[PDB]
Each structure stands twice: as C-alpha cells, then as structure tokens.
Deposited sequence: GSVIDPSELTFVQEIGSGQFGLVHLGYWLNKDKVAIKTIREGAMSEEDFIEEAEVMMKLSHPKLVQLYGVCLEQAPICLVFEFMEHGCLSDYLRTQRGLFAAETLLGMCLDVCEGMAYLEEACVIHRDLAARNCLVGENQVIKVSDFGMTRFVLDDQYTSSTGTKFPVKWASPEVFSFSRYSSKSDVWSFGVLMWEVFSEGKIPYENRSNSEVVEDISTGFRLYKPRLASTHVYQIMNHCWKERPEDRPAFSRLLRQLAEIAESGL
C-alpha cells in the first residue's frame, strides 16, 4: 500500500506536534509533510482509507513509510498549515466572503465523504489544512474533544454523517470567529450540561443572520432535523 523507503525521506524542520509533523522532501524533490507516530496497524489503515478517497478538498498522501520504527505517513505539503492556526495568525485580515469560501471548501470535501459513507468522527478547524490561494482541505478523514461532538455522540457514541454536520457547525463557528476556542475555559461536563439545556455558541461579528441560521441548522438536537452535507453545500453557495 504505497511503501516508501526511509532513505527516500529528508527531514528538514519540525512543523507541528499532536503525532509529530516535519517539513521534508521525498526523493530530494517533492515538498512533503511527514507525520511520525495509537497502534501501528490503525495508523496504516487510516492512510489506506484516505489513499482511495480522491477529492480536490481532501488531503492527499504520497505514501507510507514502514519497516523502521517510528513509522510515518508521507502527506502532500500544505503551504499555510492547519486552518485553526491560520485563522488565529491572520485575524483581522479576513473578509466575510473569504470565511464563507473556507466553509464551502470543507463542505465540498464533506459532501464527497457523505456520499462515500465515510464518517470523519473528528471534524474541526485543527483537522483542516490551508494550501495555495487559501484552498481548504479536510485532513485526518480515515479514522475508525466533546466541544465538536453532537449530543448523540457525547452521550451514546452514535456516529453518522449527521454527527459530522454538527461538528461542521462548530467548524463554521471557528472560521467566522477567526480561530476562537469553542466554549473557552469550560470543562467537558460544563459543555454537555449547557448544550442539553439548549445553549448554543454565540453569533460571531463576521457571521450574518443567514450564516448563523445555517450554524443553528447544523446544531439541531435530533440528527434527522440537521441538513445533509449535499444540501448544506447548496445553502452556503446561495448565501454567497
């Protein structure tokens, strides 16, 4: 399943930690994001799933480097790193249209995963990447915090594409607030209690009445009342 020899990789600079990430080169040519190692088998399987899902708004892999421990996944290099950090560093420089376009990119990737019956389970701005011309790609979509979890997920672990829709609503909030922490300084028990009473994340300044309505549609108590990613995509496109 696309095996890369360790000698083919050149480690240049550490760029992140989660799962350690390095900026590097494969075959002294392509810029790569090397993600060094959860069990070894699950780490390989996540890449195998991702390598068979081709969409312009989903991150791509060059291959997997096994044989020598710690094992690593060889991803394409994304120029502007993770979406969460990009929003925080470029805060105050974003236009409303740019933020909506970011949500539309994520929604496109999510609509593809929804049709392929692939549940992300951890959709958040920290799991999204920024490339050339501010193109957003969904990352870590091959897996098998409660702040992004739907009520049926944090209470009954009922994962579905509709639970990813709730997570997308929180992602939409992260984007429009320019990288703000959802339910800041609040514990896991506190967020569960708030959401159960009917509390929802506040409307950020850059998000219009229509954008906030879409966020609240993603945040409906019952998963059946939430719109599918295929529907959400056209709703977001209509606001633009």
Exercise. What's missing from the model if you number the deposited sequence from 1?
Worked result: 19-20, 40-43, 151-166, 263-266
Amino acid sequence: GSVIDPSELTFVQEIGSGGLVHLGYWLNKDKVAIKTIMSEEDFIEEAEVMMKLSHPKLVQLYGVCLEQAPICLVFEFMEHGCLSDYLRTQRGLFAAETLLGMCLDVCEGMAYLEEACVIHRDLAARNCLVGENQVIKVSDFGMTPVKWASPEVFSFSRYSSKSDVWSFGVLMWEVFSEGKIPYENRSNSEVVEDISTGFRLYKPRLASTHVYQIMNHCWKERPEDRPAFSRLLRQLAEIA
From here on, numbers count along this sequence of modelled residues.
Exercise. Comparing 120-128 with 154-162, where is the mean C-alpha B-factor higher?
Worked result: 154-162
Exercise. So which stretch wins on mean C-alpha B-factor, 84-92 or 110-118?
Worked result: 84-92
Problem set entry | Residue with highest C-alpha B-factor in the PDB entry, from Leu61, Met38, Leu53, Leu171 | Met38
Seminar exercise, completed: Listed options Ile214, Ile44, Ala33, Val175: highest C-alpha B factor recorded at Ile44
Seminar exercise, completed: Tertile call for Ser17 (CA temperature factor, within chain, third-based) is the highest
Exercise. In terms of the chain's CA B-factor thirds, is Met143 lowest, middle or highest?
Worked result: highest
Exercise. What third of the chain, by the recorded C-alpha B-factor, contains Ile4?
Worked result: highest
For this session: Give the position of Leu100 by CA B-factor within its chain, expressed as the lowest, middle or highest third.
Result: middle
For this session: Can you work out whether the C-alpha temperature factor of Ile239 puts it in the lowest, middle or highest third of the chain?
Result: highest
